[PDB]
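Peer 1: Could you have a look at this structure, given as C-alpha cells, before my questions?
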Amino acid sequence: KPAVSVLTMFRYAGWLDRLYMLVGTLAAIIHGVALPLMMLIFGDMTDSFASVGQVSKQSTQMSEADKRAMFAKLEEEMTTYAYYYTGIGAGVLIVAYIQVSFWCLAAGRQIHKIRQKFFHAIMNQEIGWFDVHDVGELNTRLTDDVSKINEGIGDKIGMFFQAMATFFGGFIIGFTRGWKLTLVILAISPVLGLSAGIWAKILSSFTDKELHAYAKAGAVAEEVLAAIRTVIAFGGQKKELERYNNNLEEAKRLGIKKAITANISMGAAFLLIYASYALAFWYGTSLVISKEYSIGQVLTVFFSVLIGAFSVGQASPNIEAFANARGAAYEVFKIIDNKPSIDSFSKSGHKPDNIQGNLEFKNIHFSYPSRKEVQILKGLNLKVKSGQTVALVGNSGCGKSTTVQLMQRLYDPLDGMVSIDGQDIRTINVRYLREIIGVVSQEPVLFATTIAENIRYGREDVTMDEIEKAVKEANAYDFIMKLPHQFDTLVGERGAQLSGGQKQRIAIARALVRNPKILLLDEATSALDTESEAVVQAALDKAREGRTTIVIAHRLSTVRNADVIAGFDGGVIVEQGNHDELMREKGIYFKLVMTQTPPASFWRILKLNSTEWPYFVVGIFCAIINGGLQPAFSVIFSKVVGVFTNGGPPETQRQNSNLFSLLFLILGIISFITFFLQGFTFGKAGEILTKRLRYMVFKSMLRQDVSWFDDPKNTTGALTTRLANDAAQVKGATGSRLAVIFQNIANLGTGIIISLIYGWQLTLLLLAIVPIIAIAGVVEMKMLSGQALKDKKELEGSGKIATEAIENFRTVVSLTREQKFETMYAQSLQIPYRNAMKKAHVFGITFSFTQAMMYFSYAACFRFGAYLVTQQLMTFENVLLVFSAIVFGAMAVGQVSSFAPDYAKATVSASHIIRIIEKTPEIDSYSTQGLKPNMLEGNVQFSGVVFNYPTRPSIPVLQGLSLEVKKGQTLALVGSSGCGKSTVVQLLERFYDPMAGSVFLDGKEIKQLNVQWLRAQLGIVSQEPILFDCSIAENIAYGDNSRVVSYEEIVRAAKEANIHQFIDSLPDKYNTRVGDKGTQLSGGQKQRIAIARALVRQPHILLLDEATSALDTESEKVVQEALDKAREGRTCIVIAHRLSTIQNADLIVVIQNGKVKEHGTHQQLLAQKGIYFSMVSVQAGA
Ligand SMILES: Brc1ccc(Oc2c(Br)cc(Br)cc2Br)c(Br)c1
C-alpha cells in the first residue's frame, strides 16, 4: 500500500541514464509503431492482387494479354512492398537493440548505486535503530527488494511504452482507415471481457471446493496416520481404508462435476470469442459489397485494432512490474534518507589529544528501546579516576552492562551526562571516541578471514610485528603458533572452531592493537572454562595498567585487585569503595560474596491407467478431429479473402461469403462439441485413476509396520502431503497436457499437408524458416536462465559479506571499521556491475535477433509467394492459406514447450508413488498366514530379548530381558526410566521383532504366529488415548472389528469402564460425537472410553501403559478404580508410574539396562533393599 514518488525512484539517474531512458523509450515507441504499419502494407498487397484478381477472371477471352499488364503491376507493386518489408525488419532490428540495451544499462548503473548507498545507510544507523528491528528481514530486504526495483526500472518500461505505442498506433490506423469497423470491433469487446470474467469467478470458487473436497478425505488420513499405532493395534486397517475410499468416491464425483462444467465453460467461452471476431469480419464483408471499403482495407483495420486491443493486455504486466518496484523502493529509500543523531560516519566533534582518561557519570537516567515499559537506570552517580580500574557488581538487571553501553555512546542517555575527561562525550567525534575505547565482550566474535586480518580489524595500518607483539602481549602467541598455517589460519562460524578462551584472547589482541586510553571489559571471563579463564585473565590484567578501565563480571576473583568496587540496586548506585570497606559495610557486595562462597520411463503408471481402455480413445480421436478442425478455419478465412480476391465478376461473391460464414459457424459448433468431449473424457479418466492411486497408496501405507512410521523422513504431515501431491501430479500428465499435445500435432499435421499440397515449395520454405525462429526462440531463453543463475551466484557472495557485517553489527560498530565493510561490499559488487553491463548488450542482441528473424521471415513469405510462385500459375488465395495454416500450426506447437515441466513434475511425483506401493514390510498385518491357535488361556514369556530401535541403533533399550507371567495375574513393571518399561508392550503387540532372543505367549513364538490374530487378543491402553471423530459407541466398537458390536455389548463395556455417567448424561448419549470436532471432554473420560474399547475386545491380556500418566486429583482415583477392576480377571501388564497402585500386583519387576534386575511380590522386594525400595521410598516421601 505504501509507494514512492516517481521522480525520487530515479534520483540516482543523471546525465546519461536520463538520456538512455529517452533514446530507449523513443526507440521503444518506434518499435511498437512498426507492427501495425507492417499490417497496413498487408492491405495494399491485397489490393494489388485484388485488382489483378478481379481483372484476371474478368477476361475469359484473352490469356497472353493477362501475362503482361497483370504481371507488370505485380512486379512493381510486390517489389515495392517487399522493399518496404525488408526496411521494417532492419528498423526493428535496430530499435529493438536500442530498446532493451539502454534500459538495462540504466537499470544496472542505478541498481549498483542503490545497492552501495543502501548498504552504506544500513551501517550508518545507530544501535537503538537495530534494537527495534529484525536484522534478518533487513538483509533479505537488501537482496530481494533491490531486485524488485531492478525489475521495475529495467527493460519492462521499454516494453510498456512499446505496447502503448502499438495500442495507440493500432487504434489510430484503426480509426483513420475507417471509423465504422473499429466501433463495430470495440462493440464486441465487452463480451470477450465478460466471458473471461466468468472464468475468474468459476476458477476461484471451484478451486476452493476441491481444496475443500479432499480436505474431507485428507482429514480422515490425518486422524488415521496420526493415530496409526492405535488402528494398527486394533486392526481397523480395513475400515480406515474403507472410510478413505468412501470420501475418495465423493471427491471423484465432485471432480467429474467440475470437469463437466469447466469444459462447458471453456468451450462456450471460445465459441463466443471466435463468433465475436467472425462477425466483425463478416460485417467487414457487408461493407465491401457496398463498395464502402476495399477488401484489403478490411484486413488493415481489422488486424491493427485487434493488435492494439491486445497490446493493452500485454502492457498490463509491466505496469505492475513498475508499481511493485516503486513500492519496493519506499522502505529502501527510507533507510537511505533516514539520518542518525549519532552517525559515526560524521566528521565532526572534538578529537582530544593527551586523554588522561578521567571518566564520570552524572545523574544518568536511561532506558533501552523497550522504553516506558521499563526504566533500568533511575538516577546514577559514578566517577572513575585515570589509571584506576573500577568494578561493577550487581544481583541482576545487568544495569552493570548498560554503563559500558552508554560509554561507547551506542545510546545517548535520557537525562544526565557521560563525561570522558572534562568534556561531554557528545562533543567528541563518535568514531574517534570509539577509537580511544577498547572493548572485550562476553561472547567474542571473529570475522571470517585470517587471524592477522581479525587483528587487523583493530587497525587497518599494522604490520605482522605489531600483530605479533599484540598476541604475545595477550599471551595468545604460544597457542596460535602451534596451530598450522601460522597467522594465515581461518576462523568463523564455518571452519576452525576454537576454544572460547582462545577466541577471547584473539579478541583481547584485536582490542590491544587499538591502543585505547579507555578499556571496557564486560563479563569477558564469564561463560568460560575455569582453566582457560586464568589464561585470559592474565592477559586482561596485562591489558590494563596502561589504561583507565571499567569492568563488569560475576567473577569476584578478578574484582579484588580493582582500585574501586561499585554495587547497584535498582539502577541506583549504592555501595562503593575498596573490597575491605565493602565487606565492613556488610551490604549488597558482602551478601553476594557469602552467597557465591529419478526421471525414467515409467509406463506401468499408464498400465494402471489402462483400467480404462476407452475414454482415452474417445478423447484422442475426438482431439485429433479438433486438431484437423482448427486449420479449416484458416482455409475458410483464406477462401473468404480468397474467393473475394479471386472474385472476378462481382454478382456471385455476395452469395458465397454468406455460405462461407455460415459454414464457419457450423464448424465452430462442431468444434465446441468435440472440445467438451476431449475435455470431459480425459477429466473423468483422470479423476478415477486419482481414486485408484490414492486408494492403492493409502492401502500400501497401512501395510507397513511401526518401524516405517517411526522414521523422521515419514511424519503424518509429510505423508498426507506425499499422498496428495503425487496423485494430483500424475493426473495432470495424463490430463489436459496430453489431450492438447495430440490436438496440436494433429493441428500442425492437418495444416501442413493442406499447405504442402497446395503450395509446392511454398510450404517447404516456411518449414525451413519456422523451426529456426522457434529454436532461436528457445536458445534465447536458455541464455536468459544462464545469465540469471550466474548473477544470482555472484551477488550472493556480496550479500554473504553483508550478512556477516549486519548480523555481527553491534560488534563491528564497536570496533568502527564500518568503512571497511563498505569497501568490501563495494568491491564484491563491482563484478556483477561489469556483468550487468554485458547483460544489456546480450539481452538486446538476442531480442533484436528474434524480432528480426520474424520480420525477415515475413518478407520471405510473400516475396516467394509472389514472384517465383505467382509469376507461375500458383495463386495468392493459397499463399494466405499457408501463411495462416503453418504459422498457427507452429504456435500450437508452442504449447508443447509450455506443458513440458508438467510432465517432469509428474514423473518425479510418479517416481515416489510407484515405489511407495511396492515397498513391503517385515511384519505385514495383511498376510493371512499364521496359526490362529484354538486354546484360550494366556501366558507370556520374554526370553533373552535384545532390542534396539530401528531409528536409533546406538543406545540399546533391551539387553537380555526375560519375563514370565501366568494367566489371570498382574505383572507389574518398574524401571529406572525409558521405554525399557514400554518396549515390552510394543513387542507383545509385535510392532517389532526383537534383534535376538524371543517372546512367546502360549508357548508359541509370536514370530511364527499370525500377526493380526496375535494383536486381536491384546488389551492395549496407552497414555494419551486418541479417539477418532465419530459416535463414542463407535470409538468403543473400534475395540472389536471383523464384526459389528452390539449396543448392549458396548454398553456393558462403558458400564465396565465406569464412563456411563457421561454417556447417559449427554443429550445424544452414545451417539454423541467426540474428537474435538463434534464435542470436547477431558482426558479421564477419553481414557475410560479407551478402557471400554480395550475390554469390548474381551482380551485375555490387558496392557496398561502409564495409563494414569496425564491425569489429576479424583480423576486418577476413578480411572485407576476402573483399571483395577479391568485386570485380575485377565493376564495383565501394568507399567503404571504409580507404585502405590502397583503395591497389589502378583509380581513386580524392576528393569535395569534392559536386563531384569529385581523381581518379586511387593513385600518381597520391600524385604530386600535396593532399586524397588528406593523407587517406593522416593515418591512416597516426595
Ligand atoms: Br469466416 C472466418 C474464419 C476465420 C477467422 O479468423 C480465424 C482464424 Br484465420 C483462425 C482461427 Br483458429 C480462428 C479464427 Br475466428 C475469421 Br476473422 C473469419
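Counting starts with 1 at the first residue shown.
Backbone N, Cα and C define each Cβ position, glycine as well.
I grabbed these lines from Swiss-Prot:
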BINDING   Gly394, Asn395, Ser396, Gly397, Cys398, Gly399, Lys400, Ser401  ATP 1 binding site
BINDING   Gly975, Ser976, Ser977, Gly978, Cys979, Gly980, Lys981, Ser982  ATP 2 binding site
DOMAIN    359-595  domain 'ABC transporter 1'
DOMAIN    616-905  domain 'ABC transmembrane type-1 2'
DOMAIN    940-1178  domain 'ABC transporter 2'
TOPO_DOM  105-153  topological domain 'Cytoplasmic'
TOPO_DOM  176-182  topological domain 'Extracellular'
TOPO_DOM  204-261  topological domain 'Cytoplasmic'
TOPO_DOM  284-297  topological domain 'Extracellular'
TOPO_DOM  638-661  topological domain 'Extracellular'
TOPO_DOM  683-737  topological domain 'Cytoplasmic'
TOPO_DOM  780-839  topological domain 'Cytoplasmic'
TOPO_DOM  863-878  topological domain 'Extracellular'
TRANSMEM  15-37  transmembrane segment
TRANSMEM  84-104  transmembrane segment
TRANSMEM  154-175  transmembrane segment
TRANSMEM  183-203  transmembrane segment
TRANSMEM  262-283  transmembrane segment
TRANSMEM  298-319  transmembrane segment
TRANSMEM  617-637  transmembrane segment
TRANSMEM  662-682  transmembrane segment
TRANSMEM  738-758  transmembrane segment
TRANSMEM  760-779  transmembrane segment
TRANSMEM  840-862  transmembrane segment
TRANSMEM  879-900  transmembrane segment
Peer 1: Excluding near sequence neighbours, so keeping only residues 6 or more apart in the same chain, what lies with its CB under 8 A of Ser396 (ATP 1 binding site)?
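Peer 2: Once residues fewer than 6 apart are set aside, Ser396 (ATP 1 binding site) is near nothing.
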Peer 1: Between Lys400 (ATP 1 binding site) and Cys979 (ATP 2 binding site), what is the CA-CA distance rounded to a whole number of Å?
Peer 2: 48
Peer 1: Do the transmembrane segment (879-900) and the transmembrane segment (738-758) come close, with at least three CB pairs under 8 A (pairs 6 or more apart in sequence)?
Peer 2: yes
Peer 1: Sort out the residues at least 6 away from either end of the transmembrane segment (738-758), same chain, that have Cβ-Cβ distances under 8 Å to it, and list them.
Peer 2: 619-620, 623-624, 626-628, 630-631, 634-635, 678-679, 682, 764, 766-767, 878, 881-882, 885-886, 888-890, 892-893, 895-896, 899
Peer 1: How about long-range neighbours of the transmembrane segment (15-37): same chain, 6 or more residues beyond its ends, C-beta under 8 Å?
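Peer 2: Answer is 88, 91-92, 94-96, 98-103, 105-106, 109-110, 157-159, 161-166, 169-170, 173, 303-304, 307-308, 311, 851.
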Peer 1: Filter the binding-site residues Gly975, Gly978, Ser982 down to the ones within 10 angstroms of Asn395 (ATP 1 binding site), Cα to Cα, kept in sequence order.
Peer 2: none
Peer 1: For the binding-site residues listed here (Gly399, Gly978), which one has the lowest count of neighbouring CB atoms within 10 Å of its own CB?
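Peer 2: Across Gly399, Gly978, these binding-site residues, the one with fewest Cβ atoms within 10 Å is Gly978.
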Peer 1: For the binding-site residues listed here, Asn395, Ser982, which shows the highest count of neighbouring CB atoms within 10 A?
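Peer 2: That would be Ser982, with the highest Cβ count within 10 Å.
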Peer 1: Sort out for me which one of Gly394, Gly397 has the most neighbouring CB atoms within 10 A, since those are the binding-site residues we care about.
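Peer 2: The residue with the densest Cβ neighbourhood is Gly394.
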Peer 1: Which listed stretch (154-175, 183-203, 617-637, 760-779, 840-862) has the most C-beta pairs under 8 A with the transmembrane segment (84-104)?
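Peer 2: Comparing 154-175, 183-203, 617-637, 760-779, 840-862 against the transmembrane segment (84-104), the winner is 840-862.
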Peer 1: How about the transmembrane segment (262-283) with the transmembrane segment (840-862) - do they touch, taking at least 3 C-beta pairs under 8 Å (6 or more apart in sequence) as contact?
Peer 2: no
Peer 1: Using all protein chains in view, find how many other C-beta atoms are within 10 Å of the C-beta of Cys398 (ATP 1 binding site).
Peer 2: 17
Peer 1: Excluding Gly975, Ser976, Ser977, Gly978, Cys979, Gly980, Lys981, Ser982 themselves, which residues in that chain have a Cβ inside 8 Å of the centre of the Cβ atoms defining the ATP 2 site?
Peer 2: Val957, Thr983, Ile1151
Peer 1: For the deposited coordinates, which leave 62 residues unmodelled after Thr597 and before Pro598, what is the C-alpha to C-alpha distance in angstrom?
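Peer 2: Output for the chain break: 65 Å between Cα atoms.
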Peer 1: Nearest to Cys979 (ATP 2 binding site) by Cα distance: which of the binding-site residues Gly394, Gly397, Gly399 is it?
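Peer 2: Closest recorded candidate to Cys979 (ATP 2 binding site) by Cα: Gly397.
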Peer 1: Could you give the residue numbers and ranges of same-chain residues that sit at least 6 residues beyond the topological domain 'Extracellular' (284-297) on either side and whose C-beta is under 8 angstroms from one of its C-beta atoms?
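Peer 2: Contacts with the topological domain 'Extracellular' (284-297): 42-47, 50, 177-178, 180-181, 640-641, 644-645, 650, 653-654, 657, 661.
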